Amino acid sequence: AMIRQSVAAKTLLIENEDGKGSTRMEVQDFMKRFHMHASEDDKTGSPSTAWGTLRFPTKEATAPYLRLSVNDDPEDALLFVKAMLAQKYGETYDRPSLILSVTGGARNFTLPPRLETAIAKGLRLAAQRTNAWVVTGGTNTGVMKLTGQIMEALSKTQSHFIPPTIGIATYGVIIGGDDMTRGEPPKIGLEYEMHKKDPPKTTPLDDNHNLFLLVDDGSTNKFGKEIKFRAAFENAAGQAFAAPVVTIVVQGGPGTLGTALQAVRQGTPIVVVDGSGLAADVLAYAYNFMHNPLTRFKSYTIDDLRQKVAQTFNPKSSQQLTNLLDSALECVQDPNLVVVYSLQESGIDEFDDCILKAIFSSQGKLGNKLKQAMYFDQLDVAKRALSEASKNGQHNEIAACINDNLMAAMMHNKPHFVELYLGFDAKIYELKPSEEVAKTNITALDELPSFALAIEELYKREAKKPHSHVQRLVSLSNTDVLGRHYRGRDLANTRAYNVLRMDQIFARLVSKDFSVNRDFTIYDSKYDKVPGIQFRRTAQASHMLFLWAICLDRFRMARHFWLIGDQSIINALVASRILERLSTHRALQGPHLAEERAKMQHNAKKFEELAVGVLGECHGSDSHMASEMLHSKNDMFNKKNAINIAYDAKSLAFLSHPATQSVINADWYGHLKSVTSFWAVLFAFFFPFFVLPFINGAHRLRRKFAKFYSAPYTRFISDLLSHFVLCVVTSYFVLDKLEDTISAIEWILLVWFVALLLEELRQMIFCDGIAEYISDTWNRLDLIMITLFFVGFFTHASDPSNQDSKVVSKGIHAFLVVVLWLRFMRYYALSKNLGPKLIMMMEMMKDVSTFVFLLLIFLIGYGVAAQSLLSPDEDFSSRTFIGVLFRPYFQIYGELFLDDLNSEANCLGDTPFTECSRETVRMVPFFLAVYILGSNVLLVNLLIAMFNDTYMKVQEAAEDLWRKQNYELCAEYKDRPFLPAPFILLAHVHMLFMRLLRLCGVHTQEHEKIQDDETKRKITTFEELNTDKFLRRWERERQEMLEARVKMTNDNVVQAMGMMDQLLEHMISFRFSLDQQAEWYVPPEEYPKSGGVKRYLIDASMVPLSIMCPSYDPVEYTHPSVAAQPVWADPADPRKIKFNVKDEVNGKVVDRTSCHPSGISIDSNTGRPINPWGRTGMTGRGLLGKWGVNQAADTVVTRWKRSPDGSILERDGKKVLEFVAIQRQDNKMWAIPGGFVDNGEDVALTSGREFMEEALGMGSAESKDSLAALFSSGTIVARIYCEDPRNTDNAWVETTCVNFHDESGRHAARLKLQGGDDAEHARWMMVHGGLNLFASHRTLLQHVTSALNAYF
Ligand SMILES: CC(C)CCC[C@@H](C)[C@H]1CC[C@H]2[C@@H]3CC=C4C[C@@H](O)CC[C@]4(C)[C@H]3CC[C@]12C
Ligand SMILES: CC(C)CCC[C@@H](C)[C@H]1CC[C@H]2[C@@H]3CC=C4C[C@@H](O)CC[C@]4(C)[C@H]3CC[C@]12C
Ligand SMILES: CC(C)CCC[C@@H](C)[C@H]1CC[C@H]2[C@@H]3CC=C4C[C@@H](O)CC[C@]4(C)[C@H]3CC[C@]12C
Ligand SMILES: CC(C)CCC[C@@H](C)[C@H]1CC[C@H]2[C@@H]3CC=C4C[C@@H](O)CC[C@]4(C)[C@H]3CC[C@]12C
Ligand SMILES: [Mg+2]
Ligand SMILES: [Mg+2]
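Just so we're aligned: the sequence shown equals residues 46 to 532, 546 to 754, 787 to 1168, 1215 to 1395, 1402 to 1494 in full-length UniProt numbering.
This is how it looks when you write it as structure tokens:
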């Protein structure tokens, strides 16, 4: 399967530069911006005709390829990739939150299975969770092939969106480039032949990569010519999708080291996979040596690294090895930007956590790190970051980013993060939308708060996804912008997912008269001082999101918002109804939605269970308080109590519960005592003054009197008694003879049936709809009993003295009495014994109909046959038909008319069917014998069997249906007037008088009673406490099941085996461990800052002043900066100046004495000083400002390198130092801070001033006191000669070194290092012997570490 057709694309959606939407443009128009080079000689190039899709063997999908020039814009390539994704997966494609650049070895290599599996699993998890763009080299060898193999399982095991695998490769090495170039673009499904013999090129593309950018420069069979574009694309993609770029380094050669060096220099973090060998092992060794505080790394040395580098890369020259070592040490200088993953240290499936660790150390703002922590589903990491931010005084940034972080957590359906963000003092009703809503002319829309617009954004964002049920539900709803059912356009579409309209849609989903009441006026700032307002604001906000979470069927988030708010049961019933109706709605039908549909139905059942469970818990704890809770009217749903809600939600399970039934029975009896049976209420009803006071003052006796007759049970009793007299009086009237005029009893019955007709009309028009009224069968029976009487009365009243009219009137009134007595069975439904039995009967009527259809066959067959057999010579008449129907129907009830049959057959014998006139009539008994065998033996007994089966089947459902009808009857007799049927006319004239006085007169109103806030908060507190108690009991109960215990035992064993696997791994490591347990300086030729002026070159064996060297001819060159004569520069003529002693220039002493034992010798010919430290191939002062000894002061502010835990880092058994070093502006090499000693100052002042100027720049309070305390203890450790490249034979640098050591490290930690003046960057760097530092500063720190017994 899965091969239908292939059709070429003609138009593409290219995203605009604003980043807001995609515009449709022609493929050749968009694709014009890419160029190709026909040859190496060519520079301008020609427009690219090489783009399309490549089809690779054993791969179902095709991978797009585009050949683009080196001069092409990386933004255009990014647009091409974006356009492809937009074309394939629609406009709303999953944007990448991570760019994973995979670098390493070009040649093939084998990794250990555990490490490869861990790396593959972690990379697959990271890529699938963040929708990451993986950028590799694209060739079918090494780390690119490994990455392709890793991403292949992700492309196979997952449906819909597949994360792109972009391969950026040099076109000049790719097999099949000529085939790809030739043709008319685009080449749809072009076959790629990796085994085809391309002569010059030998590198094929990897078949598992999803896209391909072939960078062309016209060269052939040269590698490495795309690296800069690749870096530029990754940076461009990173800026466009606001995503960090994370490089992953697996194995690798020397160019991978240079690539990694470039990556950290550009701020991009790297993840080094330790244990993969080669350059990765070198990088891992270097970091672990420089940063890791564990005990097993304390034996790490540079000598062993150098040995490792020499044994691994095998350089041709020593300088290459030194440069490689220097580059490797330069990569791991910043500990945050390199994260090393190792199999023997880190755990299995923790590779995505490392990637996340690199991400945290990469992005500086708090919000981006939390968003990324959400994507990888690492709550603990987010919790630790939040706790650390809370402890370190970063509380303001937390509040600034929580809203967006909380919003992001809700869109991606992560409640656990929702709980985290909400726990750190983030108010739920303070959400803010990402975009700004435009102003609307409607006042209802303008009244809406900020959070409402945030939900509107969640609805819009979820709705824009393909084949979303939300869009179909809103479109099918056929409502306007405010949700009213009325069915300009721009306003109706841009804010089509506002919360009011959604509230209206959910209201119609519940029932026909459900209307949720919102009050957004409480969110204004003027009501903040009112007590308890927060809870209300919380509860309302929670409710609105709760409804949103019900719509998207996110059960866990729904349960969380349901728990946060109040009115738990009603909300669970409403939720159950909305899901259940939504699960069978027209908007959710479709082939792809099946699992979704199933999930909603499941969730509906769960919510129903919750509503029952919480109710049960309440009734278990306090029955009276549970009754008070069920009777409470809630303002949000039009003052409807929980039972009204339950009936509207059609929750049979809730209504059949004993707590609910107790409340309904209490409502029936009207909360009075000593009123349970029929006889008690009947006795109290007939004798009001003798039983009521003695049951449990004027306002007591009067209250009890007003309470008893307002009870619905009392109105039933009045209605029964009224209907019973009606039956008795009408029965007497039909039995007694009619008089010659209209009698008095007839007039009484006329008045009584008009009163019943007026009540039926009042119920029909002024109490319910006509459809609702006719639906009920008892209302239909009522209409028949009224029509039959009036037909009967008018038949008699038309001619009262006519005998025939009286006879016809009694004939109609016979049915009237039959219906009346049948209607009297309506009042049996209130009884717990008679009521279900009545519903079962109505169920058994179908079986009665089945029996009637089967008997009808035998009755008409036997009847026609028997009647014909008895009378074979009679003309057909009506009597023949009566003979067919009469006897056969009664013979089934045991009345057999055998004597009558014998008389009709004209058989004169003593034996019944002997000596007859015709022999055929003797067959009359035989037919009947068969007939009564068919009817009484077979059919009646079959009916008994069917009724037995039917009862057992529908008894429980009938009982539940009776419990719903109990409320229905209670609700019906609550609003019905007290006065019975003949007197109801008085009640009717009273209601008409009240309606006339209210509508026209307007002299009155309605009064009611509202429950106090104390009792309201008591009900709220009780309901919340029992909700929590039920959830605790429910969780413990589901954990004590057998299936759960077996599953928990299984997971516990596996995890025990995992720990055992780790234990053996450590043993195998121990087995291995136990098994193995048994100097003249010559300056450079070109003088610095001289504009290319070169010295006179000399060999290193001619450096000593003791050696003669007669061919020494130095060049006299002086720099323009020194020749311009600044304040700190000595005069150009060095005559009359005294050396080897402290000399005064402008009355200030300068250090003109050198520490060299021979001293400075003065040339007699020119007066210039002669350098005692050797020849430099240059006379004159050069770039140095002072003749002879230029006194410099260097400041080495040092501290012990400590881990966070507080332990001192220890290498080679000695403690390791760390000093502030600045990177020089002129030659971009790191160096010790320092400068020339100023006039009138000592090394103490010079050292302090230089340290403040370079490392600190502009500099307080406590930090100034710490710096002064640190600067109060300085020791002059050395006064040596500098090996500075600006030194000449007449001007040389001599340094005094001042060391400021921070033993505790408290004072050093307050310094904000930032490069200024003649320094580019300043940082704390560790002192060691492998440092590639400026001049002879390695000797100076060596002296510092020698003096302070520190590592070197
Ligand atoms: C829905 C049910 C209740 C309908 C009942 C219809 C009743 C009221 C009507 C329908 C047909 C009527 C019968 C039609 C004709 C006659 C013949 C006349 O010489 C005497 C009355 C008699 C016998 C009528 C009695 C009343 C009657 C049975
Ligand atoms: C398989 C079933 C339907 C077979 C039915 C057989 C019927 C058609 C036959 C079988 C025997 C027949 C009867 C045999 C003899 C007599 C006596 C004669 O003076 C009158 C007719 C009468 C009484 C016959 C009536 C028709 C009869 C009942
Ligand atoms: C229908 C199948 C199952 C059985 C058929 C049996 C019928 C054909 C038999 C059973 C008993 C029989 C009757 C028994 C006796 C007599 C008396 C004789 O002087 C005339 C025929 C007459 C009246 C028979 C007519 C046929 C009869 C009705
Ligand atoms: C166990 C049950 C099924 C026993 C069956 C009894 C049958 C065989 C008996 C019961 C009544 C009998 C009938 C009674 C009377 C007459 C009238 C006579 O002039 C001819 C035989 C005839 C028509 C009989 C035929 C056989 C009969 C139908
Ligand atoms: Mg709650
Ligand atoms: Mg009625």
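Even for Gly, the Cβ is constructed at its ideal location relative to N, Cα and C.
Span separating the alpha-carbon of residue i from that of residue j
i	j	result
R805	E1104	34 Å
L58	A325	42 Å
residue 1498	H1255	The question about residue 1498 has no answer, for the chain in this structure spans 46 to 1494.
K927	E1049	9 Å
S891	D830	5 Å
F334	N458	43 Å
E238	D262	23 Å
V1239	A285	58 Å
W178	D139	11 Å
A919	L424	58 Å
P338	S344	12 Å
Proximal residues to residue i (C-beta, below 6 Å), its chain only, five neighbours per side dropped
i	result
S200	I207
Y1423	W1309 and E1436
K104	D252
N754	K731
For residue i, three-class secondary structure by DSSP
i	result
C399	helix
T313	coil
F1068	coil
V463	helix
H80	strand
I1368	coil
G1393	coil
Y1253	strand
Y1248	coil
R1317	strand
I211	strand
Residues near residue i by beta carbon distance below 7 Å, same chain, minus five either side
i	result
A198	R169
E1390	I1358, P1369, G1458, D1459, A1461 and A1464
Paired residues, beta bridge with residue i - DSSP
i	result
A1268	Per DSSP, none; premise fails for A1268.
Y1423	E1436
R112	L259
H1443	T1334
Near ligand 8: residue i beta-carbon under 7 Å from a heavy atom
i	result
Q562	With respect to ligand 8, the structure shown offers nothing to examine, as its ligands consist of ligand 1, ligand 2, ligand 3, ligand 4, ligand 5 and ligand 6.
Neighbourhood of residue i by C-beta distance below 8 Å, restricted to the same chain and skipping five residues each side
i	result
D872	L846, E850 and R913
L986	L1018 and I1022
Residue-level contact to chain C via CB, residue i, 8 Å cutoff
i	result
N1363	In the structure shown, chain C does not exist; there is a single protein chain.
Validate contact between the region 1343-1360 and the region 1312-1322 using beta carbons, cut 8 Å, 3 pairs: no
Given 8 Å, three or more beta-carbon pairs between the region 898-910 and the region 713-729: no
Three CB pairs or more closer than 8 Å across the region 369-384 and the region 304-316: As far as the Cβ criterion goes, the region 369-384 touches the region 304-316, which means the pair count is three or higher.
The region 436-455 in contact with the region 556-576 per 3-pair CB rule at 8 Å: Flag = no, the region 436-455 and the region 556-576 do not touch.
Validate contact between the region 255-267 and the region 281-291 using beta carbons, cut 8 Å, 3 pairs: no
Three CB pairs or more closer than 8 Å across the region 591-602 and the region 615-626: yes
Sufficient close CB pairs (3 or more, under 8 Å) joining the region 688-699 to the region 1018-1025: no
contact_flag[the region 916-924, the region 968-983] where n(CB pairs < 8 Å) is 3 or more: Because the criterion of three Cβ pairs below 8 Å is not met, the region 916-924 and the region 968-983 do not touch.
Segment contact flag, the region 392-400 with the region 345-363, C-beta cutoff 8 Å, min 3 pairs: no
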